[PDB]
file upload20.txt (compact mmCIF, C-alpha atoms and all ligand atoms)
# COMPACT_ATOMS: atom_id res chain seq x y z
CA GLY A 1 -15.17 -12.37 -12.84
CA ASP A 2 -14.71 -16.05 -12.04
CA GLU A 3 -11.50 -16.75 -10.18
CA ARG A 4 -10.67 -19.86 -12.18
CA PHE A 5 -11.01 -18.32 -15.61
CA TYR A 6 -8.87 -15.29 -14.62
CA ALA A 7 -6.33 -17.47 -12.80
CA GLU A 8 -6.03 -20.32 -15.35
CA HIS A 9 -6.76 -18.53 -18.63
CA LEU A 10 -7.01 -14.79 -18.81
CA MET A 11 -3.97 -13.73 -16.68
CA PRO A 12 -1.57 -16.37 -18.11
CA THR A 13 -2.58 -15.32 -21.62
CA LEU A 14 -2.21 -11.67 -20.81
CA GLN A 15 1.18 -12.44 -19.23
CA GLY A 16 2.24 -14.19 -22.52
CA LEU A 17 1.24 -11.28 -24.68
CA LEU A 18 2.65 -8.22 -22.86
CA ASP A 19 5.72 -7.33 -20.86
CA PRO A 20 4.93 -6.64 -17.13
CA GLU A 21 5.07 -2.82 -17.34
CA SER A 22 2.78 -2.76 -20.37
CA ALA A 23 0.38 -5.11 -18.65
CA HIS A 24 0.35 -2.72 -15.59
CA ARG A 25 -0.23 0.35 -17.78
CA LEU A 26 -3.15 -1.36 -19.59
CA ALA A 27 -4.62 -2.52 -16.24
CA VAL A 28 -4.56 1.15 -15.00
CA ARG A 29 -6.21 2.33 -18.23
CA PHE A 30 -8.81 -0.30 -18.18
CA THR A 31 -9.61 0.27 -14.54
CA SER A 32 -9.81 4.00 -14.94
CA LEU A 33 -12.15 3.73 -17.90
CA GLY A 34 -14.55 1.85 -15.69
CA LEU A 35 -14.55 -1.21 -17.96
CA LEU A 36 -14.85 -3.37 -14.89
CA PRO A 37 -17.65 -5.63 -13.97
CA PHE A 38 -19.37 -9.27 -3.27
CA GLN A 39 -21.59 -7.19 -0.94
CA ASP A 40 -19.53 -6.38 2.15
CA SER A 41 -21.01 -7.65 5.39
CA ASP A 42 -20.91 -5.52 8.49
CA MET A 43 -18.34 -7.94 10.09
CA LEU A 44 -15.79 -6.46 7.66
CA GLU A 45 -16.19 -2.86 8.76
CA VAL A 46 -13.42 -1.31 10.69
CA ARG A 47 -13.13 2.13 12.30
CA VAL A 48 -9.55 3.58 12.52
CA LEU A 49 -7.46 6.61 11.54
CA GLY A 50 -10.56 8.80 12.13
CA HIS A 51 -12.51 6.92 9.50
CA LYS A 52 -14.93 4.05 8.85
CA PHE A 53 -13.60 1.51 6.26
CA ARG A 54 -16.37 -0.57 4.78
CA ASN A 55 -13.95 -3.54 4.43
CA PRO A 56 -10.27 -3.82 5.50
CA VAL A 57 -8.80 -4.74 2.06
CA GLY A 58 -7.03 -1.91 0.24
CA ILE A 59 -5.02 -1.53 -2.96
CA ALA A 60 -1.35 -0.95 -1.99
CA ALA A 61 0.67 1.96 -3.37
CA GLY A 62 2.44 1.42 -6.70
CA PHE A 63 -0.53 0.22 -8.73
CA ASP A 64 -2.07 3.65 -9.21
CA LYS A 65 0.98 5.94 -8.80
CA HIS A 66 -0.59 9.03 -10.36
CA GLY A 67 -4.17 8.92 -9.01
CA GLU A 68 -5.80 7.76 -12.32
CA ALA A 69 -8.00 4.83 -11.39
CA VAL A 70 -9.28 5.61 -7.90
CA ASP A 71 -12.96 5.21 -8.67
CA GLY A 72 -12.46 1.99 -10.72
CA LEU A 73 -10.46 0.58 -7.71
CA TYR A 74 -13.40 1.16 -5.38
CA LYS A 75 -15.59 -0.47 -8.04
CA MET A 76 -13.17 -3.53 -7.88
CA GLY A 77 -14.27 -3.96 -4.24
CA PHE A 78 -11.32 -2.33 -2.32
CA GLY A 79 -12.38 -0.85 0.98
CA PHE A 80 -9.82 1.92 0.60
CA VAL A 81 -7.46 3.16 -2.08
CA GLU A 82 -3.92 4.38 -1.68
CA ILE A 83 -2.32 6.25 -4.60
CA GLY A 84 1.35 7.11 -5.16
CA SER A 85 4.11 7.31 -4.46
CA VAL A 86 3.94 10.86 -5.79
CA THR A 87 7.11 13.00 -5.97
CA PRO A 88 7.14 16.87 -5.89
CA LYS A 89 8.31 17.37 -9.50
CA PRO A 90 7.53 14.95 -12.32
CA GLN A 91 10.24 12.41 -13.04
CA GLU A 92 10.56 9.43 -15.28
CA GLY A 93 12.01 6.78 -12.85
CA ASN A 94 14.57 4.08 -14.01
CA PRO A 95 15.10 2.90 -17.60
CA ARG A 96 13.04 -0.04 -18.85
CA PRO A 97 12.79 -2.96 -18.28
CA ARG A 98 12.23 -2.25 -14.56
CA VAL A 99 9.41 -4.67 -13.68
CA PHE A 100 9.94 -8.48 -13.71
CA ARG A 101 7.57 -11.32 -13.00
CA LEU A 102 8.62 -14.53 -11.09
CA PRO A 103 5.59 -16.69 -11.82
CA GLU A 104 7.07 -19.93 -10.19
CA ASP A 105 7.27 -17.89 -6.95
CA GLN A 106 4.06 -15.83 -7.36
CA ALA A 107 6.38 -12.86 -6.90
CA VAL A 108 7.35 -9.65 -8.72
CA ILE A 109 10.58 -7.65 -8.59
CA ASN A 110 10.35 -3.97 -9.53
CA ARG A 111 12.77 -1.09 -9.70
CA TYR A 112 10.52 1.69 -11.05
CA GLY A 113 12.40 4.35 -9.07
CA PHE A 114 9.38 6.64 -8.31
CA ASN A 115 8.21 7.35 -11.84
CA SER A 116 5.66 10.08 -11.02
CA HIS A 117 3.50 12.71 -12.81
CA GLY A 118 4.41 14.96 -9.84
CA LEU A 119 2.32 16.76 -7.24
CA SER A 120 0.67 19.40 -9.48
CA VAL A 121 -0.72 16.90 -11.91
CA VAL A 122 -2.00 14.52 -9.21
CA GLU A 123 -3.38 17.54 -7.32
CA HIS A 124 -5.55 18.66 -10.25
CA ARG A 125 -6.63 15.10 -10.92
CA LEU A 126 -7.84 14.66 -7.37
CA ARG A 127 -9.46 18.11 -7.24
CA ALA A 128 -11.61 17.12 -10.25
CA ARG A 129 -13.32 14.51 -8.03
CA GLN A 130 -12.71 15.99 -4.56
CA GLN A 131 -16.39 16.26 -3.58
CA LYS A 132 -17.06 12.84 -4.94
CA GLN A 133 -14.21 11.52 -2.72
CA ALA A 134 -15.73 13.31 0.28
CA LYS A 135 -18.94 11.38 -0.17
CA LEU A 136 -17.06 8.04 -0.77
CA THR A 137 -15.06 8.66 2.36
CA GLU A 138 -18.19 9.43 4.45
CA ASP A 139 -19.59 6.23 3.07
CA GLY A 140 -16.68 4.15 4.40
CA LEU A 141 -14.31 4.31 1.36
CA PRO A 142 -11.32 6.41 2.33
CA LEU A 143 -8.37 7.61 0.22
CA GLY A 144 -4.66 7.55 1.15
CA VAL A 145 -1.96 9.43 -0.63
CA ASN A 146 1.58 8.08 -0.54
CA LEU A 147 4.43 10.70 -0.76
CA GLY A 148 7.97 10.09 -2.13
CA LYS A 149 10.88 12.34 -2.93
CA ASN A 150 12.57 13.34 -6.11
CA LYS A 151 15.78 11.60 -7.20
CA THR A 152 17.89 14.77 -7.34
CA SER A 153 16.32 16.66 -4.38
CA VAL A 154 18.74 18.10 -1.88
CA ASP A 155 16.43 18.29 1.07
CA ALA A 156 14.33 15.18 1.56
CA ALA A 157 12.29 16.64 4.33
CA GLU A 158 11.19 19.64 2.23
CA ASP A 159 10.06 17.19 -0.57
CA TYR A 160 7.74 15.44 1.95
CA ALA A 161 6.65 18.75 3.43
CA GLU A 162 5.63 19.93 -0.04
CA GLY A 163 3.66 16.68 -0.52
CA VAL A 164 1.84 17.38 2.75
CA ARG A 165 0.99 20.99 1.68
CA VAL A 166 -0.29 20.11 -1.81
CA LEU A 167 -1.95 16.67 -1.39
CA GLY A 168 -2.66 16.57 2.31
CA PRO A 169 -5.82 18.58 1.81
CA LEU A 170 -7.12 15.96 -0.55
CA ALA A 171 -6.36 12.80 1.48
CA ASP A 172 -7.80 10.97 4.45
CA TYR A 173 -4.27 9.82 5.26
CA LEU A 174 -0.80 10.53 3.98
CA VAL A 175 2.06 8.03 3.91
CA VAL A 176 5.63 9.08 4.38
CA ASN A 177 7.27 6.48 2.28
CA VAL A 178 10.81 6.15 3.52
CA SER A 179 11.14 2.47 2.44
CA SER A 180 11.42 2.25 -1.37
CA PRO A 181 14.53 0.14 -2.10
CA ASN A 182 14.80 1.91 -5.49
CA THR A 183 15.83 5.41 -4.48
CA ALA A 184 19.49 5.92 -3.33
CA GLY A 185 19.75 6.86 0.39
CA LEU A 186 15.99 6.88 0.96
CA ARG A 187 15.87 4.01 3.43
CA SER A 188 18.45 5.72 5.68
CA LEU A 189 15.57 8.20 6.53
CA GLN A 190 14.24 5.31 8.68
CA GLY A 191 17.22 5.90 11.08
CA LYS A 192 16.22 7.33 14.46
CA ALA A 193 17.51 10.94 14.30
CA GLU A 194 16.74 11.47 10.51
CA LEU A 195 13.33 10.00 11.05
CA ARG A 196 12.49 12.14 14.09
CA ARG A 197 13.58 15.35 12.32
CA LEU A 198 11.76 14.43 9.09
CA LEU A 199 8.56 13.46 10.81
CA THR A 200 8.53 16.46 13.14
CA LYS A 201 8.55 18.66 10.06
CA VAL A 202 5.86 16.58 8.31
CA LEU A 203 3.54 16.68 11.28
CA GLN A 204 3.99 20.48 11.83
CA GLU A 205 3.03 20.95 8.14
CA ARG A 206 0.01 18.59 8.51
CA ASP A 207 -1.13 20.31 11.72
CA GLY A 208 -1.02 23.70 9.83
CA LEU A 209 -3.83 22.53 7.50
CA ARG A 210 -7.48 23.46 8.16
CA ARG A 211 -9.33 20.89 10.20
CA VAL A 212 -11.47 19.41 7.48
CA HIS A 213 -8.37 19.02 5.24
CA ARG A 214 -6.15 17.59 7.92
CA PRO A 215 -5.07 13.95 7.11
CA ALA A 216 -3.72 11.21 9.44
CA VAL A 217 0.03 10.63 8.84
CA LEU A 218 1.52 7.11 8.60
CA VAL A 219 5.13 6.00 8.00
CA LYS A 220 5.64 3.12 5.59
CA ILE A 221 8.65 0.91 6.53
CA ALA A 222 10.78 -1.75 4.96
CA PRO A 223 10.68 -5.44 5.85
CA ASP A 224 14.53 -5.43 5.96
CA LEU A 225 15.16 -3.44 9.18
CA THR A 226 17.34 -4.52 12.05
CA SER A 227 15.83 -5.10 15.47
CA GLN A 228 17.50 -1.81 16.54
CA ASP A 229 15.90 0.08 13.61
CA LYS A 230 12.46 -1.25 14.56
CA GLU A 231 12.94 -0.24 18.24
CA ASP A 232 14.00 3.28 17.16
CA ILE A 233 10.98 3.61 14.84
CA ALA A 234 8.57 2.51 17.52
CA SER A 235 10.08 5.02 19.92
CA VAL A 236 9.93 7.94 17.43
CA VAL A 237 6.36 7.11 16.43
CA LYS A 238 5.24 7.15 20.06
CA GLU A 239 7.25 10.27 20.98
CA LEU A 240 5.73 12.22 18.01
CA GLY A 241 2.21 10.81 18.08
CA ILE A 242 2.50 9.44 14.46
CA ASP A 243 -0.97 8.13 13.57
CA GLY A 244 -0.01 4.76 12.07
CA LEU A 245 2.48 2.56 10.22
CA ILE A 246 2.27 0.78 6.96
CA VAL A 247 4.21 -2.55 7.17
CA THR A 248 5.77 -3.37 4.81
CA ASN A 249 7.31 -2.20 1.59
CA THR A 250 9.07 -4.66 -0.74
CA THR A 251 12.21 -6.56 0.37
CA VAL A 252 15.72 -6.27 -1.02
CA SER A 253 16.34 -9.80 0.37
CA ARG A 254 16.09 -12.86 -1.99
CA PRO A 255 14.78 -15.71 0.31
CA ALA A 256 16.36 -19.11 -0.28
CA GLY A 257 14.12 -21.14 -2.62
CA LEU A 258 13.18 -18.51 -5.27
CA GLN A 259 12.89 -20.33 -8.57
CA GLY A 260 12.04 -17.57 -11.08
CA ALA A 261 14.77 -17.06 -13.76
CA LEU A 262 14.69 -13.32 -12.91
CA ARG A 263 15.29 -13.68 -9.15
CA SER A 264 18.68 -11.88 -9.23
CA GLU A 265 17.26 -8.70 -10.87
CA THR A 266 17.86 -5.59 -8.72
CA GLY A 267 14.71 -4.14 -7.06
CA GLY A 268 12.08 -4.80 -4.41
CA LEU A 269 10.58 -8.26 -4.25
CA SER A 270 6.88 -8.51 -3.54
CA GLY A 271 4.31 -11.40 -3.46
CA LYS A 272 4.29 -14.70 -1.62
CA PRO A 273 7.93 -14.88 -0.72
CA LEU A 274 7.55 -11.54 1.17
CA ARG A 275 4.39 -12.62 2.94
CA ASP A 276 5.61 -13.97 6.35
CA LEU A 277 8.55 -11.63 6.62
CA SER A 278 5.93 -8.80 6.43
CA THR A 279 3.62 -10.56 8.87
CA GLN A 280 6.43 -10.98 11.36
CA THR A 281 7.37 -7.26 11.00
CA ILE A 282 3.77 -6.27 11.79
CA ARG A 283 3.81 -8.57 14.76
CA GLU A 284 7.00 -6.97 16.15
CA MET A 285 5.86 -3.31 15.47
CA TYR A 286 2.46 -4.00 17.07
CA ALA A 287 4.23 -5.31 20.27
CA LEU A 288 6.78 -2.50 20.37
CA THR A 289 3.96 0.12 20.14
CA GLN A 290 1.77 -1.73 22.63
CA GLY A 291 -1.07 -2.15 20.20
CA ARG A 292 -1.76 1.58 20.36
CA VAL A 293 -0.61 2.61 16.82
CA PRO A 294 -2.83 1.45 13.89
CA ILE A 295 -0.97 -0.72 11.35
CA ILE A 296 -1.87 -1.35 7.75
CA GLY A 297 -0.42 -4.76 6.94
CA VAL A 298 0.81 -5.41 3.41
CA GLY A 299 3.07 -7.96 1.70
CA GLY A 300 2.04 -11.23 -0.04
CA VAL A 301 -1.68 -11.14 0.73
CA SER A 302 -3.47 -13.30 -1.70
CA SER A 303 -6.21 -14.99 0.37
CA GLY A 304 -8.45 -14.66 3.40
CA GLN A 305 -6.04 -16.62 5.57
CA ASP A 306 -3.17 -14.33 4.49
CA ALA A 307 -5.25 -11.27 5.53
CA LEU A 308 -6.34 -12.74 8.82
CA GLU A 309 -2.83 -13.69 9.74
CA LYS A 310 -1.72 -10.09 9.44
CA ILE A 311 -4.83 -8.84 11.26
CA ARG A 312 -4.21 -11.31 14.17
CA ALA A 313 -0.59 -10.21 14.20
CA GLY A 314 -1.66 -6.55 14.74
CA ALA A 315 -2.97 -5.08 11.46
CA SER A 316 -6.14 -3.02 11.51
CA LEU A 317 -6.33 -3.00 7.67
CA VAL A 318 -4.42 -4.84 4.95
CA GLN A 319 -3.48 -4.09 1.33
CA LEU A 320 -2.43 -6.16 -1.63
CA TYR A 321 -0.97 -5.45 -5.07
CA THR A 322 1.07 -8.39 -6.43
CA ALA A 323 -1.77 -10.95 -6.06
CA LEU A 324 -3.89 -8.83 -8.47
CA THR A 325 -1.16 -9.30 -11.11
CA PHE A 326 -1.48 -13.05 -10.93
CA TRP A 327 -5.20 -13.66 -10.16
CA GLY A 328 -6.75 -10.40 -11.55
CA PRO A 329 -9.73 -8.54 -10.00
CA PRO A 330 -11.59 -11.58 -8.70
CA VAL A 331 -8.91 -11.93 -6.00
CA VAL A 332 -10.41 -8.95 -4.14
CA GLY A 333 -13.87 -10.57 -3.47
CA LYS A 334 -12.01 -13.85 -2.85
CA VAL A 335 -9.92 -12.41 -0.06
CA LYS A 336 -12.99 -10.74 1.52
CA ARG A 337 -15.28 -13.81 1.33
CA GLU A 338 -12.55 -16.11 2.76
CA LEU A 339 -11.73 -13.58 5.44
CA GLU A 340 -15.34 -13.33 6.51
CA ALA A 341 -15.69 -17.18 6.60
CA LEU A 342 -12.52 -17.47 8.71
CA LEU A 343 -13.54 -14.76 11.21
CA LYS A 344 -16.79 -16.75 11.80
CA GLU A 345 -15.03 -20.04 11.97
CA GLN A 346 -12.60 -18.69 14.55
CA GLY A 347 -15.25 -17.07 16.74
CA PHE A 348 -14.60 -13.37 16.04
CA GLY A 349 -17.57 -11.00 15.92
CA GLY A 350 -15.85 -9.06 13.17
CA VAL A 351 -12.46 -7.85 11.97
CA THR A 352 -12.17 -5.54 14.93
CA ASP A 353 -12.18 -8.30 17.46
CA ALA A 354 -9.40 -10.16 15.60
CA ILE A 355 -7.00 -7.22 15.44
CA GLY A 356 -3.90 -8.19 17.43
CA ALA A 357 -5.57 -11.43 18.72
CA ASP A 358 -2.33 -13.51 18.51
CA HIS A 359 -0.78 -11.21 21.16
CA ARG A 360 -3.52 -12.02 23.69
CA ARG A 361 -3.21 -15.83 23.69
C1 LIG B 401 5.21 -2.75 -9.29
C2 LIG B 401 5.30 -2.11 -7.86
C3 LIG B 401 5.43 -0.76 -7.64
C4 LIG B 401 5.37 -0.28 -6.30
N1 LIG B 401 5.45 1.10 -6.02
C5 LIG B 401 5.34 1.55 -4.74
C6 LIG B 401 5.30 2.92 -4.49
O1 LIG B 401 5.32 3.76 -5.40
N2 LIG B 401 5.20 3.34 -3.22
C7 LIG B 401 5.11 2.46 -2.14
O2 LIG B 401 5.02 2.89 -1.03
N3 LIG B 401 5.07 1.11 -2.35
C8 LIG B 401 5.15 0.65 -3.65
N4 LIG B 401 5.10 -0.69 -3.88
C9 LIG B 401 5.07 -1.68 -2.76
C10 LIG B 401 3.61 -2.19 -2.51
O3 LIG B 401 2.90 -1.00 -2.13
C11 LIG B 401 3.63 -3.15 -1.28
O4 LIG B 401 4.24 -2.45 -0.13
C12 LIG B 401 4.51 -4.37 -1.63
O5 LIG B 401 4.40 -4.67 -3.05
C13 LIG B 401 4.06 -5.63 -0.87
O6 LIG B 401 2.68 -5.90 -1.19
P1 LIG B 401 2.27 -7.06 -2.25
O7 LIG B 401 3.08 -8.28 -1.96
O8 LIG B 401 0.83 -7.36 -2.08
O9 LIG B 401 2.51 -6.56 -3.66
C14 LIG B 401 5.15 -1.16 -5.22
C15 LIG B 401 5.04 -2.53 -5.45
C16 LIG B 401 5.09 -2.99 -6.77
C17 LIG B 401 4.77 -4.47 -7.05
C1 LIG B 402 -7.83 -4.01 -14.10
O1 LIG B 402 -6.84 -5.09 -14.05
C2 LIG B 402 -7.13 -6.24 -14.71
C3 LIG B 402 -8.46 -6.48 -15.11
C4 LIG B 402 -8.72 -7.65 -15.77
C5 LIG B 402 -7.70 -8.58 -16.02
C6 LIG B 402 -6.38 -8.31 -15.64
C7 LIG B 402 -6.07 -7.13 -14.96
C8 LIG B 402 -4.71 -6.81 -14.55
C9 LIG B 402 -3.66 -7.07 -15.46
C10 LIG B 402 -2.32 -6.79 -15.20
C11 LIG B 402 -2.03 -6.22 -13.94
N1 LIG B 402 -0.75 -5.87 -13.58
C12 LIG B 402 0.29 -6.62 -13.91
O2 LIG B 402 0.18 -7.66 -14.55
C13 LIG B 402 1.62 -6.27 -13.39
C14 LIG B 402 2.71 -7.15 -13.68
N2 LIG B 402 3.65 -7.82 -13.87
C15 LIG B 402 1.80 -5.05 -12.50
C16 LIG B 402 3.17 -4.62 -12.02
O3 LIG B 402 0.78 -4.25 -12.19
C17 LIG B 402 -3.09 -6.00 -13.01
CL1 LIG B 402 -2.69 -5.30 -11.47
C18 LIG B 402 -4.41 -6.29 -13.26
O1 LIG B 403 10.43 1.71 -7.59
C1 LIG B 403 9.41 2.22 -7.04
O2 LIG B 403 8.90 3.26 -7.47
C2 LIG B 403 8.97 1.65 -5.72
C3 LIG B 403 9.01 0.29 -5.62
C4 LIG B 403 8.71 -0.33 -4.44
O3 LIG B 403 8.68 -1.60 -4.39
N1 LIG B 403 8.40 0.43 -3.36
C5 LIG B 403 8.36 1.74 -3.44
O4 LIG B 403 8.08 2.33 -2.35
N2 LIG B 403 8.68 2.45 -4.63
call {"tool": "encode", "arguments": {"input": "upload20.txt", "output": "structure tokens"}}
result
Amino acid sequence: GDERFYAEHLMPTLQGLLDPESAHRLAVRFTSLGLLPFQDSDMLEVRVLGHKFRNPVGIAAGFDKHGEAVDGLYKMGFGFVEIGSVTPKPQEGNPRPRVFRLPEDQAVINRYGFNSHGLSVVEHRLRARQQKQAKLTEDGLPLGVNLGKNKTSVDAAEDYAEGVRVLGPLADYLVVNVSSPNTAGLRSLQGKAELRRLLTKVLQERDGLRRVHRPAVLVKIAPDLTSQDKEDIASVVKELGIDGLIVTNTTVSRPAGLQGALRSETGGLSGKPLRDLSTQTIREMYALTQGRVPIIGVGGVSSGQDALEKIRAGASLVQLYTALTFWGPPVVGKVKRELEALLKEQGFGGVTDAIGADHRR
């Protein structure tokens, strides 16, 4: 579980033996079987979204789409796990190959298209460990469930509403994912009037659940939005009392300077080239919501400095996925140790004190 050996030997060898989707499937299997080998200091604890989070570093959606590896992800050191996206009915997603690595850029491009076991399957899987999750949550290890919509659905809002009804009772927070670049028309749900109508319905459905099964609701947004789109989102989120934002999904942009041979593949780009575009989006959303709406910052986090930049820009919590595909499991403890060292070096009493700090200088 030594960073160097994973980084220099194990991951590169793995990457030479398997295609990227196979490597992801084996990583889920391995993690879920518990074949996995940092004690979190109090400075890392954060209280938000009606929960305690023992550390602010989560696994982003997409790695565990069907809720198979939740316990092995906490064992990896993540302070919170998000599963999904999950769609109402099962569906296979796009044809393969649909995942591409850009190792010269430390980036990935994927176009899975919401391959999902569906709500019923994920529901039974989570019910089999529901009381165990209740104790993990009370111990500072919460669970998010990210909701998507089926490719051929004719009523997007009813797909999310169904997600709320079936998985909301099993989640500490739900994510209305309206930012996949890999589902036709989906990102237009981020528009003001579509968004307000969609989220009104979601929140009415969430508020209809019994109090102990009533999750926070967050909206996950793209990094590709116009300034007008961001203003409209901020306004809707404040008008409706949305509980938080997840910022950001992958980018359909292809920044100048990408070197990987596969850079012109269709799909969302994740990893280092997305990092500052995501940080800047957090920074803007935090300012437009006056610091009053929790943000989970995600996009290109691969180190403590990456995490702290997003926290100082306005994130209460961060997630990563793509870094794990290059550095393997040791990157989790790495990010937490470096983040703790930087908070001390910069004078913060803990993560809480750093949240949004760039906006107060
Ligand atoms: C292979 C892959 C599949 C993904 N699937 C989803 C998904 O199902 N739902 C979602 O909201 N985000 C999904 N994401 C986006 C990640 O959750 C995250 O928003 C984005 O990758 C930026 O983080 P990163 O640079 O650390 O990977 C996926 C990302 C990747 C790499
Ligand atoms: C439990 O995961 C690992 C444990 C030990 C060593 C390597 C891994 C591992 C191996 C592969 C992956 N995933 C990928 O390589 C990948 C790509 N490309 C994606 C899309 O998940 C991940 Cl997330 C982790
Ligand atoms: O294709 C997917 O399933 C998917 C990819 C991605 O990058 N983001 C997302 O929200 N869904």
call {"tool": "residues_around", "arguments": {"input": "upload20.txt", "residues": "residue 258 (chain A)", "least_positions_apart": "3", "cutoff": "7 Å", "atoms": "all atoms listed in the file", "output": "PyMOL selection string"}}
result
chain A and resi 105+255+263
call {"tool": "closest_residue", "arguments": {"input": "upload20.txt", "among": "A:92, A:306, A:68, A:207", "to": "ligand LIG 403 (chain B)", "atoms": "only C-alpha atoms and all ligand atoms"}}
result
A:92
call {"tool": "atom_distance", "arguments": {"input": "upload20.txt", "atom1": "atom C4 of ligand LIG 403 (chain B)", "atom2": "CA of residue 146 (chain A)"}}
result
11.7 Å
call {"tool": "closest_residue", "arguments": {"input": "upload20.txt", "among": "A:141, A:218, A:236, A:343", "to": "residue 175 (chain A)", "atoms": "only C-alpha atoms"}}
result
A:218
call {"tool": "closest_residue", "arguments": {"input": "upload20.txt", "among": "A:170, A:14, A:217, A:247", "to": "ligand LIG 403 (chain B)", "atoms": "all atoms listed in the file"}}
result
A:247
call {"tool": "residues_around", "arguments": {"input": "upload20.txt", "residues": "region 20-32 of chain A", "least_positions_apart": "6", "cutoff": "8 Å", "atoms": "only C-alpha atoms", "output": "list in words"}}
result
residues 14, 63, 64, 68, 69, 70, 71, 72, 73, 97, 98, 99, 100 and 101 of chain A
call {"tool": "atom_distance", "arguments": {"input": "upload20.txt", "atom1": "CA of residue 201 (chain A)", "atom2": "CA of residue 129 (chain A)"}}
result
28.7 Å
call {"tool": "closest_atom_pairs", "arguments": {"input": "upload20.txt", "of": "chain A", "to": "ligand LIG 401 (chain B)", "cutoff": "6 Å", "atoms": "all atoms listed in the file", "output": "tab-separated table"}}
result
residue	atom	partner	partner_atom	distance
A:60	CA	B:LIG401	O3	4.3
A:61	CA	B:LIG401	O3	3.9
A:62	CA	B:LIG401	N1	3.1
A:65	CA	B:LIG401	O1	5.9
A:84	CA	B:LIG401	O1	5.2
A:85	CA	B:LIG401	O1	3.9
A:110	CA	B:LIG401	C1	5.3
A:114	CA	B:LIG401	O1	5.8
A:177	CA	B:LIG401	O2	5.4
A:248	CA	B:LIG401	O4	5.3
A:249	CA	B:LIG401	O4	3.5
A:250	CA	B:LIG401	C12	4.7
A:270	CA	B:LIG401	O7	4.1
A:271	CA	B:LIG401	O7	3.7
A:298	CA	B:LIG401	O6	5.0
A:299	CA	B:LIG401	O6	3.6
A:300	CA	B:LIG401	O7	3.7
A:301	CA	B:LIG401	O8	5.3
A:320	CA	B:LIG401	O8	3.5
A:321	CA	B:LIG401	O9	3.9
A:322	CA	B:LIG401	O9	3.6
A:323	CA	B:LIG401	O8	6.0
call {"tool": "closest_residue", "arguments": {"input": "upload20.txt", "among": "A:193, A:11, A:199, A:237", "to": "residue 178 (chain A)", "atoms": "all atoms listed in the file"}}
result
A:199
call {"tool": "closest_residue", "arguments": {"input": "upload20.txt", "among": "A:119, A:339, A:36, A:285", "to": "ligand LIG 402 (chain B)", "atoms": "all atoms listed in the file"}}
result
A:36
call {"tool": "closest_residue", "arguments": {"input": "upload20.txt", "among": "A:346, A:279, A:106, A:227", "to": "ligand LIG 402 (chain B)", "atoms": "all atoms listed in the file"}}
result
A:106
call {"tool": "atom_distance", "arguments": {"input": "upload20.txt", "atom1": "CA of residue 245 (chain A)", "atom2": "CA of residue 344 (chain A)"}}
result
27.3 Å
call {"tool": "residues_around", "arguments": {"input": "upload20.txt", "residues": "residue 155 (chain A)", "least_positions_apart": "3", "cutoff": "12 Å", "atoms": "only C-alpha atoms", "output": "number ranges by chain"}}
result
A: 88, 149-152, 158-162, 185-186, 189, 194, 197-198, 201
call {"tool": "residues_around", "arguments": {"input": "upload20.txt", "residues": "residue 352 (chain A)", "least_positions_apart": "6", "cutoff": "9 Å", "atoms": "all atoms listed in the file", "output": "compact mmCIF listing (two decimals) with C-alpha atoms, in the frame of the given file"}}
result
# COMPACT_ATOMS: atom_id res chain seq x y z
CA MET A 43 -18.34 -7.94 10.09
CA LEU A 44 -15.79 -6.46 7.66
CA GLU A 45 -16.19 -2.86 8.76
CA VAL A 46 -13.42 -1.31 10.69
CA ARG A 47 -13.13 2.13 12.30
CA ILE A 311 -4.83 -8.84 11.26
CA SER A 316 -6.14 -3.02 11.51
call {"tool": "residues_around", "arguments": {"input": "upload20.txt", "residues": "residue 166 (chain A)", "least_positions_apart": "6", "cutoff": "12 Å", "atoms": "only C-alpha atoms", "output": "JSON, numbers by chain"}}
result
{"A": [86, 87, 88, 89, 118, 119, 120, 121, 122, 123, 124, 126, 127, 145, 147, 159, 160, 174, 205, 206, 209, 213, 214, 215]}
call {"tool": "axis_aligned_box", "arguments": {"input": "upload20.txt", "around": "region 160-178 of chain A", "padding_each_side": "5 Å", "output": "lines of an AutoDock Vina configuration file"}}
result
center_x = 1.5
center_y = 13.6
center_z = 1.7
size_x = 28.6
size_y = 24.8
size_z = 17.1
call {"tool": "residues_near_point", "arguments": {"input": "upload20.txt", "point": "(11.0, 5.3, 4.1)", "cutoff": "8 Å", "atoms": "all atoms listed in the file", "output": "number ranges by chain"}}
result
A: 176-180, 186-190, 219-222
